Amino acid sequence: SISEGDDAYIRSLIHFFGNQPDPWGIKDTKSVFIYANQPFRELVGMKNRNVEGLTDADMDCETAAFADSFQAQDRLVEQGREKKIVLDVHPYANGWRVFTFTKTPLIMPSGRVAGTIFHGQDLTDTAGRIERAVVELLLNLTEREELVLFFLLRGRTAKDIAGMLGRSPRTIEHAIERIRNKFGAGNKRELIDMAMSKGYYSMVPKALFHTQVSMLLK
Amino acid sequence: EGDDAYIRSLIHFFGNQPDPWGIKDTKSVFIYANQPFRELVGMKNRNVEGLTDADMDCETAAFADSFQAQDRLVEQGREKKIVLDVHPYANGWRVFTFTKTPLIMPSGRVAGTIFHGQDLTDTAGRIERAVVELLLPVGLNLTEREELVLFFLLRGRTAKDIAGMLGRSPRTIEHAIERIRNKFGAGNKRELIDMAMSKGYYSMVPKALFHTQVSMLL
Ligand SMILES: Cc1cnc(O)c(C)n1
Ligand SMILES: Cc1cnc(O)c(C)n1
């Protein structure tokens with residue numbers, strides 16, 4: 001039959017997923033799990049409990065609170081050939097982590113949309129590793145100062161930042177002055193140079209830390 | 001044998017992923033690569049492969065040796081390895097990560113390697129737009145060379161300095177300066193410098209600055 005091949009292909013793909021350190025898995029058109037390797041089941045609280053066939057509202061991890069929105073993603077992949085990447089920042093079973101979950105349509109020798117495949121990648125450590133690699137390819141900021149500097153390093157001017165944060169330009173100018181002085185820079189251009197050379201382009205404003213998200217990248 | 005049933009299943013798998021995906025052997029001779037990869041390498045459209053890494057119509061081949069070296073220290077392990085590949089690929093310079101894992105199959109023998117190519121620039125920019133959206137509720141469309149020329153214009157260099165650093169004629173760099181000027185609406189070089197400096201363009205870093213050919217493991 002053809003179902004013979006559609007079950008040989010699926011056991012192929014569990015053998016495939018079972019030998020990667022990344023969280024790998026596939027679920028159905030009901031967003032119900034068909035398989036997930038030991039990495040994925042270990043990122044959720046499912047260390048040794050092998051639970052499968054359930055929804056994203058799994059056992060033993062905070063991920064379940066966004067299970068709903070997971071499945072929503074799981075259907076907008078299914079109505080398309082193209083893949084979609086999800087930034088999942090979550091208090092996983094061993095602390096807060098910044099993952100990328102790439103979700104792709106599941107096609108098989110059927111040719112039918114059977115569900116989705118998801119590939120989770122741990123961005124926390126590799127962000128720093130690739131950052132040191134890429135740049136060798138070539139002070140206590142407050143929260144608002146971190147925001148102002150994030151947008152300064154990204155081509156915005158003081159009036160643009162005033163708009164983005166809903167304060168007056170004088171307020172943002174005062175913030176820039178205090179950032180500049182904390183860097184020891186003599187003017188805005190020296191501030192840009194100092195911040196770019198000290199790794200601050202890769203800084204994430206700490207007000208963003210430890211808040212649970214899952215967002216499709218666009 | 002059953003393990004080449006698994007190879008055909010994963011060939012169908014790789015053939016239905018938007019990412020550059022492929023498999024090689026212990027002699028690093030190609031076993032399969034989807035249309036994305038060999039369109040990212042020069043074999044867009046044409047050659048099925050039974051080739052090594054040197055046999056491709058793209059400058060990547062000059063680093064085939066070190067590719068193969070990577071392909072041998074993944075193979076003597078189970079865990080993944082991430083390689084920063086910055087290359088003038090068949091459609092321009094790109095910053096990829098090639099994550100390579102051993103090719104294990106229902107035999108259990110190390111048959112070769114699987115490589116996953118991910119464009120790091122695109123997903124980095126996607127994560128940055130996502131972070132901007134989390135922090136919230138005039139696109140002049142400069143080319144890459146124009147971005148480089150303006151970067152150096154704002155830093156006190158003249159057209160012949162840019163010509164030297166970029167290996168182009170002084171008249172080519174002057175044409176680039178003229179077209180940047182017109183895109184800004186500036187009347188002369190110094191008004192262009194002032195306008196760009198006041199519009200936040202001092203903080204843009206050209207991606208062309210990372211266009212140095214490397215392939216190195218993290
Ligand atoms: C942690 C997580 C996030 N999104 C998903 O779709 C899955 C399956 N797991
Ligand atoms: C561009 C590139 C780098 N390393 C590899 O292993 C392959 C297959 N392609």
# chains A, B, ... in the order shown; residues from 1 in each chain; ligands from 1

$ closest_atom_pairs --of "chain A" --to "ligand 1" --cutoff "6 Å" --atoms "only C-alpha atoms and all ligand atoms" --output "CSV"
residue,atom,partner,partner_atom_place_in_ligand_line,distance
A:63,CA,ligand 1,1 (C),5.8
A:70,CA,ligand 1,6 (O),4.8
A:88,CA,ligand 1,3 (C),5.9

$ residues_around --residues "segment 126-136 of chain A" --least-positions-apart "6" --cutoff "9 Å" --atoms "only C-alpha atoms" --output "ChimeraX atom specification"
/A:199,202 /B:82,84,210,216-218

$ interface_residues --of "chain B" --to "chain A" --cutoff "6 Å" --atoms "only C-alpha atoms" --output "MDAnalysis selection string"
chainID B and resid 6 9 126 200:201 203

$ closest_residue --among "B:206, B:125, B:137, B:92" --to "residue 151 of chain B" --atoms "only C-alpha atoms"
B:206

$ residues_near_ligand --ligand "ligand 2" --cutoff "7 Å" --atoms "only C-alpha atoms and all ligand atoms" --output "PyMOL selection string"
chain B and resi 53+60+67-68+71+85+98+115

$ write_last_selection --atoms "N, CA, C and O atoms" --output "PDB file, in the first residue's frame"
ATOM      1  N   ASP B  53      33.379  18.420  -2.237  1.00  0.00           N
ATOM      2  CA  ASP B  53      33.084  19.829  -2.016  1.00  0.00           C
ATOM      3  C   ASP B  53      33.846  20.752  -2.961  1.00  0.00           C
ATOM      4  O   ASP B  53      33.408  21.886  -3.182  1.00  0.00           O
ATOM      5  N   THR B  60      33.048  28.698  -2.462  1.00  0.00           N
ATOM      6  CA  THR B  60      33.087  27.767  -1.340  1.00  0.00           C
ATOM      7  C   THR B  60      34.089  26.642  -1.568  1.00  0.00           C
ATOM      8  O   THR B  60      34.712  26.165  -0.616  1.00  0.00           O
ATOM      9  N   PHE B  67      36.130  22.197   5.016  1.00  0.00           N
ATOM     10  CA  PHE B  67      34.840  21.520   5.092  1.00  0.00           C
ATOM     11  C   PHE B  67      35.057  20.066   5.462  1.00  0.00           C
ATOM     12  O   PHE B  67      34.547  19.578   6.481  1.00  0.00           O
ATOM     13  N   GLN B  68      35.893  19.382   4.678  1.00  0.00           N
ATOM     14  CA  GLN B  68      36.103  17.964   4.900  1.00  0.00           C
ATOM     15  C   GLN B  68      36.674  17.729   6.286  1.00  0.00           C
ATOM     16  O   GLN B  68      36.268  16.786   6.975  1.00  0.00           O
ATOM     17  N   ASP B  71      33.919  17.706   8.543  1.00  0.00           N
ATOM     18  CA  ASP B  71      33.162  16.484   8.300  1.00  0.00           C
ATOM     19  C   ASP B  71      33.772  15.262   8.967  1.00  0.00           C
ATOM     20  O   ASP B  71      33.116  14.215   9.009  1.00  0.00           O
ATOM     21  N   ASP B  85      30.246  29.853   8.258  1.00  0.00           N
ATOM     22  CA  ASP B  85      30.693  29.854   6.871  1.00  0.00           C
ATOM     23  C   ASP B  85      30.326  31.216   6.295  1.00  0.00           C
ATOM     24  O   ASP B  85      29.155  31.479   6.007  1.00  0.00           O
ATOM     25  N   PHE B  98      26.569  26.313   9.119  1.00  0.00           N
ATOM     26  CA  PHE B  98      26.354  24.932   8.710  1.00  0.00           C
ATOM     27  C   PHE B  98      26.540  24.072   9.952  1.00  0.00           C
ATOM     28  O   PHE B  98      27.654  23.944  10.477  1.00  0.00           O
ATOM     29  N   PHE B 115      24.342  18.046   6.885  1.00  0.00           N
ATOM     30  CA  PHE B 115      24.647  19.449   7.105  1.00  0.00           C
ATOM     31  C   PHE B 115      23.376  20.265   6.938  1.00  0.00           C
ATOM     32  O   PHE B 115      22.582  20.022   6.024  1.00  0.00           O
TER      33      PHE B 115
END

$ select_by_dssp --residues "segment 110-210 of chain B" --states "alpha helix (DSSP H)" --output "number ranges by chain"
B: 120-134, 144-153, 159-166, 170-184, 189-198

$ residues_around --residues "residue 185 of chain B" --least-positions-apart "4" --cutoff "12 Å" --atoms "only C-alpha atoms" --output "MDAnalysis selection string"
chainID B and resid 140 178:181 189 191:196

$ decode --residues "segment 161-207 of chain B" --atoms "N, CA and C atoms" --output "PDB file, in the first residue's frame"
ATOM      1  N   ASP B 161      40.454  56.815  -1.033  1.00  0.00           N
ATOM      2  CA  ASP B 161      40.608  55.870   0.066  1.00  0.00           C
ATOM      3  C   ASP B 161      39.610  54.723  -0.059  1.00  0.00           C
ATOM      4  N   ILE B 162      38.350  55.036  -0.377  1.00  0.00           N
ATOM      5  CA  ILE B 162      37.344  53.986  -0.534  1.00  0.00           C
ATOM      6  C   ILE B 162      37.695  53.093  -1.714  1.00  0.00           C
ATOM      7  N   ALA B 163      38.137  53.699  -2.821  1.00  0.00           N
ATOM      8  CA  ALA B 163      38.576  52.927  -3.978  1.00  0.00           C
ATOM      9  C   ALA B 163      39.693  51.959  -3.614  1.00  0.00           C
ATOM     10  N   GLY B 164      40.665  52.417  -2.826  1.00  0.00           N
ATOM     11  CA  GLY B 164      41.726  51.527  -2.384  1.00  0.00           C
ATOM     12  C   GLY B 164      41.214  50.396  -1.511  1.00  0.00           C
ATOM     13  N   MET B 165      40.420  50.735  -0.494  1.00  0.00           N
ATOM     14  CA  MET B 165      39.971  49.729   0.462  1.00  0.00           C
ATOM     15  C   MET B 165      39.042  48.698  -0.165  1.00  0.00           C
ATOM     16  N   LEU B 166      38.255  49.088  -1.165  1.00  0.00           N
ATOM     17  CA  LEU B 166      37.280  48.196  -1.774  1.00  0.00           C
ATOM     18  C   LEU B 166      37.736  47.616  -3.103  1.00  0.00           C
ATOM     19  N   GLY B 167      38.930  47.968  -3.568  1.00  0.00           N
ATOM     20  CA  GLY B 167      39.435  47.391  -4.804  1.00  0.00           C
ATOM     21  C   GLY B 167      38.605  47.744  -6.018  1.00  0.00           C
ATOM     22  N   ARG B 168      38.101  48.972  -6.079  1.00  0.00           N
ATOM     23  CA  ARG B 168      37.389  49.476  -7.243  1.00  0.00           C
ATOM     24  C   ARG B 168      38.042  50.767  -7.718  1.00  0.00           C
ATOM     25  N   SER B 169      37.669  51.182  -8.925  1.00  0.00           N
ATOM     26  CA  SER B 169      38.215  52.402  -9.493  1.00  0.00           C
ATOM     27  C   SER B 169      37.716  53.624  -8.722  1.00  0.00           C
ATOM     28  N   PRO B 170      38.483  54.718  -8.724  1.00  0.00           N
ATOM     29  CA  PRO B 170      37.978  55.956  -8.107  1.00  0.00           C
ATOM     30  C   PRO B 170      36.696  56.462  -8.745  1.00  0.00           C
ATOM     31  N   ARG B 171      36.508  56.227 -10.046  1.00  0.00           N
ATOM     32  CA  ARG B 171      35.308  56.711 -10.719  1.00  0.00           C
ATOM     33  C   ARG B 171      34.081  55.901 -10.320  1.00  0.00           C
ATOM     34  N   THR B 172      34.261  54.606 -10.051  1.00  0.00           N
ATOM     35  CA  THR B 172      33.170  53.788  -9.528  1.00  0.00           C
ATOM     36  C   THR B 172      32.727  54.280  -8.155  1.00  0.00           C
ATOM     37  N   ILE B 173      33.691  54.552  -7.274  1.00  0.00           N
ATOM     38  CA  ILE B 173      33.364  55.051  -5.942  1.00  0.00           C
ATOM     39  C   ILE B 173      32.715  56.427  -6.032  1.00  0.00           C
ATOM     40  N   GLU B 174      33.173  57.260  -6.969  1.00  0.00           N
ATOM     41  CA  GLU B 174      32.567  58.577  -7.138  1.00  0.00           C
ATOM     42  C   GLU B 174      31.122  58.460  -7.610  1.00  0.00           C
ATOM     43  N   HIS B 175      30.852  57.536  -8.534  1.00  0.00           N
ATOM     44  CA  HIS B 175      29.477  57.274  -8.952  1.00  0.00           C
ATOM     45  C   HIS B 175      28.619  56.808  -7.778  1.00  0.00           C
ATOM     46  N   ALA B 176      29.171  55.938  -6.925  1.00  0.00           N
ATOM     47  CA  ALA B 176      28.435  55.506  -5.738  1.00  0.00           C
ATOM     48  C   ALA B 176      28.119  56.688  -4.825  1.00  0.00           C
ATOM     49  N   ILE B 177      29.092  57.580  -4.629  1.00  0.00           N
ATOM     50  CA  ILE B 177      28.866  58.759  -3.797  1.00  0.00           C
ATOM     51  C   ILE B 177      27.779  59.636  -4.405  1.00  0.00           C
ATOM     52  N   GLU B 178      27.803  59.798  -5.728  1.00  0.00           N
ATOM     53  CA  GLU B 178      26.790  60.601  -6.406  1.00  0.00           C
ATOM     54  C   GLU B 178      25.397  60.018  -6.212  1.00  0.00           C
ATOM     55  N   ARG B 179      25.264  58.698  -6.334  1.00  0.00           N
ATOM     56  CA  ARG B 179      23.939  58.097  -6.212  1.00  0.00           C
ATOM     57  C   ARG B 179      23.444  58.129  -4.767  1.00  0.00           C
ATOM     58  N   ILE B 180      24.352  57.997  -3.796  1.00  0.00           N
ATOM     59  CA  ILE B 180      23.954  58.189  -2.401  1.00  0.00           C
ATOM     60  C   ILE B 180      23.459  59.618  -2.199  1.00  0.00           C
ATOM     61  N   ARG B 181      24.234  60.590  -2.690  1.00  0.00           N
ATOM     62  CA  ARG B 181      23.849  61.997  -2.644  1.00  0.00           C
ATOM     63  C   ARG B 181      22.437  62.206  -3.174  1.00  0.00           C
ATOM     64  N   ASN B 182      22.145  61.643  -4.348  1.00  0.00           N
ATOM     65  CA  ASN B 182      20.827  61.838  -4.946  1.00  0.00           C
ATOM     66  C   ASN B 182      19.736  61.138  -4.144  1.00  0.00           C
ATOM     67  N   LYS B 183      20.025  59.951  -3.599  1.00  0.00           N
ATOM     68  CA  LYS B 183      19.035  59.268  -2.770  1.00  0.00           C
ATOM     69  C   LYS B 183      18.705  60.080  -1.525  1.00  0.00           C
ATOM     70  N   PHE B 184      19.701  60.763  -0.962  1.00  0.00           N
ATOM     71  CA  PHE B 184      19.453  61.629   0.183  1.00  0.00           C
ATOM     72  C   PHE B 184      18.842  62.966  -0.214  1.00  0.00           C
ATOM     73  N   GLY B 185      18.966  63.369  -1.476  1.00  0.00           N
ATOM     74  CA  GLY B 185      18.560  64.702  -1.869  1.00  0.00           C
ATOM     75  C   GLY B 185      19.559  65.783  -1.531  1.00  0.00           C
ATOM     76  N   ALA B 186      20.801  65.414  -1.235  1.00  0.00           N
ATOM     77  CA  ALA B 186      21.816  66.373  -0.830  1.00  0.00           C
ATOM     78  C   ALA B 186      22.404  67.079  -2.043  1.00  0.00           C
ATOM     79  N   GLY B 187      22.911  68.290  -1.815  1.00  0.00           N
ATOM     80  CA  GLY B 187      23.418  69.107  -2.899  1.00  0.00           C
ATOM     81  C   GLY B 187      24.892  68.923  -3.198  1.00  0.00           C
ATOM     82  N   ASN B 188      25.677  68.535  -2.195  1.00  0.00           N
ATOM     83  CA  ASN B 188      27.088  68.234  -2.398  1.00  0.00           C
ATOM     84  C   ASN B 188      27.521  67.205  -1.357  1.00  0.00           C
ATOM     85  N   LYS B 189      28.805  66.831  -1.405  1.00  0.00           N
ATOM     86  CA  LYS B 189      29.319  65.792  -0.514  1.00  0.00           C
ATOM     87  C   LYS B 189      29.125  66.153   0.954  1.00  0.00           C
ATOM     88  N   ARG B 190      29.382  67.409   1.319  1.00  0.00           N
ATOM     89  CA  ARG B 190      29.342  67.775   2.731  1.00  0.00           C
ATOM     90  C   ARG B 190      27.916  67.843   3.252  1.00  0.00           C
ATOM     91  N   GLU B 191      26.978  68.316   2.429  1.00  0.00           N
ATOM     92  CA  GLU B 191      25.582  68.243   2.839  1.00  0.00           C
ATOM     93  C   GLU B 191      25.140  66.796   2.997  1.00  0.00           C
ATOM     94  N   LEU B 192      25.652  65.895   2.158  1.00  0.00           N
ATOM     95  CA  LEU B 192      25.347  64.479   2.329  1.00  0.00           C
ATOM     96  C   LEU B 192      25.876  63.974   3.664  1.00  0.00           C
ATOM     97  N   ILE B 193      27.121  64.321   3.992  1.00  0.00           N
ATOM     98  CA  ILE B 193      27.685  63.915   5.275  1.00  0.00           C
ATOM     99  C   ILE B 193      26.818  64.428   6.421  1.00  0.00           C
ATOM    100  N   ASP B 194      26.433  65.707   6.367  1.00  0.00           N
ATOM    101  CA  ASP B 194      25.649  66.300   7.449  1.00  0.00           C
ATOM    102  C   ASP B 194      24.277  65.644   7.574  1.00  0.00           C
ATOM    103  N   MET B 195      23.569  65.499   6.452  1.00  0.00           N
ATOM    104  CA  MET B 195      22.239  64.900   6.464  1.00  0.00           C
ATOM    105  C   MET B 195      22.283  63.468   6.983  1.00  0.00           C
ATOM    106  N   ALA B 196      23.218  62.660   6.474  1.00  0.00           N
ATOM    107  CA  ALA B 196      23.310  61.275   6.916  1.00  0.00           C
ATOM    108  C   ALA B 196      23.679  61.198   8.390  1.00  0.00           C
ATOM    109  N   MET B 197      24.590  62.067   8.838  1.00  0.00           N
ATOM    110  CA  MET B 197      24.983  62.078  10.241  1.00  0.00           C
ATOM    111  C   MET B 197      23.812  62.452  11.139  1.00  0.00           C
ATOM    112  N   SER B 198      22.950  63.354  10.672  1.00  0.00           N
ATOM    113  CA  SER B 198      21.821  63.800  11.475  1.00  0.00           C
ATOM    114  C   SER B 198      20.643  62.833  11.433  1.00  0.00           C
ATOM    115  N   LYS B 199      20.618  61.912  10.471  1.00  0.00           N
ATOM    116  CA  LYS B 199      19.522  60.966  10.321  1.00  0.00           C
ATOM    117  C   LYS B 199      19.842  59.593  10.905  1.00  0.00           C
ATOM    118  N   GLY B 200      20.884  59.494  11.727  1.00  0.00           N
ATOM    119  CA  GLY B 200      21.226  58.255  12.395  1.00  0.00           C
ATOM    120  C   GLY B 200      22.091  57.294  11.610  1.00  0.00           C
ATOM    121  N   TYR B 201      22.625  57.707  10.458  1.00  0.00           N
ATOM    122  CA  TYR B 201      23.383  56.790   9.617  1.00  0.00           C
ATOM    123  C   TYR B 201      24.798  56.548  10.116  1.00  0.00           C
ATOM    124  N   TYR B 202      25.259  57.293  11.121  1.00  0.00           N
ATOM    125  CA  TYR B 202      26.555  56.983  11.709  1.00  0.00           C
ATOM    126  C   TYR B 202      26.556  55.649  12.443  1.00  0.00           C
ATOM    127  N   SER B 203      25.396  55.180  12.899  1.00  0.00           N
ATOM    128  CA  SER B 203      25.331  53.942  13.658  1.00  0.00           C
ATOM    129  C   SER B 203      25.065  52.716  12.797  1.00  0.00           C
ATOM    130  N   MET B 204      24.888  52.870  11.489  1.00  0.00           N
ATOM    131  CA  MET B 204      24.735  51.701  10.639  1.00  0.00           C
ATOM    132  C   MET B 204      26.109  51.090  10.379  1.00  0.00           C
ATOM    133  N   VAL B 205      26.186  49.777  10.501  1.00  0.00           N
ATOM    134  CA  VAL B 205      27.400  49.035  10.115  1.00  0.00           C
ATOM    135  C   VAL B 205      27.042  48.260   8.837  1.00  0.00           C
ATOM    136  N   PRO B 206      27.876  48.438   7.771  1.00  0.00           N
ATOM    137  CA  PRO B 206      27.559  47.717   6.522  1.00  0.00           C
ATOM    138  C   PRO B 206      27.813  46.232   6.671  1.00  0.00           C
ATOM    139  N   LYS B 207      26.874  45.423   6.166  1.00  0.00           N
ATOM    140  CA  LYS B 207      27.090  43.980   6.206  1.00  0.00           C
ATOM    141  C   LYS B 207      28.274  43.593   5.329  1.00  0.00           C
TER     142      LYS B 207
END
